[PDB]
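One chain comes next, on its own, written out as structure tokens in the form deposited in one PDB entry.
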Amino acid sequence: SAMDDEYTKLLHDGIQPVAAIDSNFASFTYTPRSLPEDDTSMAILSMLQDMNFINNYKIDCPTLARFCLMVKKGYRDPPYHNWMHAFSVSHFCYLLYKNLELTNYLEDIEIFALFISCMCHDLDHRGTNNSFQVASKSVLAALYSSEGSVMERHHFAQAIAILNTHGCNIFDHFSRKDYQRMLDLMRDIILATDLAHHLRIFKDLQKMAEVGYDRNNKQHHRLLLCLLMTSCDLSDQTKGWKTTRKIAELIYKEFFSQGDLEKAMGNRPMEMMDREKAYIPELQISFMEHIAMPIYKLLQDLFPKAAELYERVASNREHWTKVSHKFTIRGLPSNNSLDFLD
């Protein structure tokens, strides 16, 4: 068994220093997708240690090692919603911890829950959205469609299934109340990754940012966790052009595969899922304007040091505007043929 061998080294070789992973590993300029996938499990452990969670919560190391590999093994390999997504999302949570002084805003247990939620938040994704679940009458829809957020409820249930696997419950020494609290947090945070959820709380996120964050306000803590989670989920937009270009390729590959399956079921895909209709520059620009930029604008409003993140997202958006003309074929194709017209 490969996982047993991986586990054996992960446990007995010891948790490597974060600075050994990369000199700039804790910088907003670092691209965690640059890390070899074979090194990501060790890096998860390194981050957990560097944030003092292992020490503070007296996490059993054999259990944590098993847990981390189980979570990694719990992602499938669609083009975007795979383990490297969860890892880069978790890495961004670490960056926020290192760069934004979250301990002034959130409880220890809340920040811990956020990071664990980042690792788990897309568990067992099949490369299709919630609507496809319902449309295809999937098992996941049979379970959760009456509640909404079908995939996100599944992601959360998968995280719990991993905890309930023998030798994997990294929380099982917690007090009853802390155990209860952690799982409730993971619920709310993972459910916050449903865009329907974000749209529903957006006015509140705005009011919070307007009046000013009140660390004594429990609803403010919950809203902030949702915002932070969604900013981790979108963190590929905060790197350079190459990263936003690459992730566009990945997510549209994934989208168009869904659309192809929808067409085969005789249904009309959303335009952005339809490879015959989707115009990537416009769709990406729209996603940045309506989803990504307002989330980072909110983050900047709440955290002055998050300003560079918003500015990088806005810049990447402008770069999409600049390259859009390249999606129009001028002259002939690079094979000198108009055969594609037939």
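Note that the rigid core is defined as the largest set of C-alphas that superpose within 1.5 Å between two forms. Residue numbers run from 1 along the displayed sequence. Residues that one form lacks are left out of the comparison.
This next part talks about the form deposited in another entry, which is not shown.
Chemist: Have a look at 244, 231, 88, 133 and give me the residue whose C-alpha moves 2 Å or more between the shown form and the other one, with the fit done on the rigid core.
Modeler: Correct option: 133.
Chemist: By the 2 angstroms cut-off, has the C-alpha of residue 283 moved between the shown form and the other one once the rigid core is superposed?
Modeler: The answer is no, as the C-alpha of residue 283 shifts between the shown form and the other one by less than 2 Å after core alignment.
Chemist: With both forms fit on the core, is the shift of the CA atom of residue 151 between the shown form and the other one 2 Å or larger?
Modeler: True for residue 151: a C-alpha shift of 2 Å or more.
Chemist: Verify the C-alpha shift of residue 124 between the shown form and the other one: is it 2 Å or more after superposing the core?
Modeler: After core superposition, the C-alpha of residue 124 moves 2 Å or more between the shown form and the other one.
Chemist: Thinking of the 3 angstroms or more shift, are the C-alphas of residue 277 and residue 321 brought closer or pushed farther apart in that other deposited form than in this view?
Modeler: Those two alpha carbons end up closer in that other deposited form.
Chemist: Do the C-alpha atoms of residue 147 and residue 191 sit closer or farther apart in that other deposited form than they do here, given a shift of 3 Å or more?
Modeler: Closer in that other deposited form, by 3 Å or more.
Chemist: Requiring every Cα in the run to move by 2 Å or more, and the run to span 3 or more residues, what stretches do you find between the shown form and the other one with the rigid core held fixed?
Modeler: Segments displaced between the shown form and the other one after core fit: 124 to 153, 261 to 265, 270 to 278.
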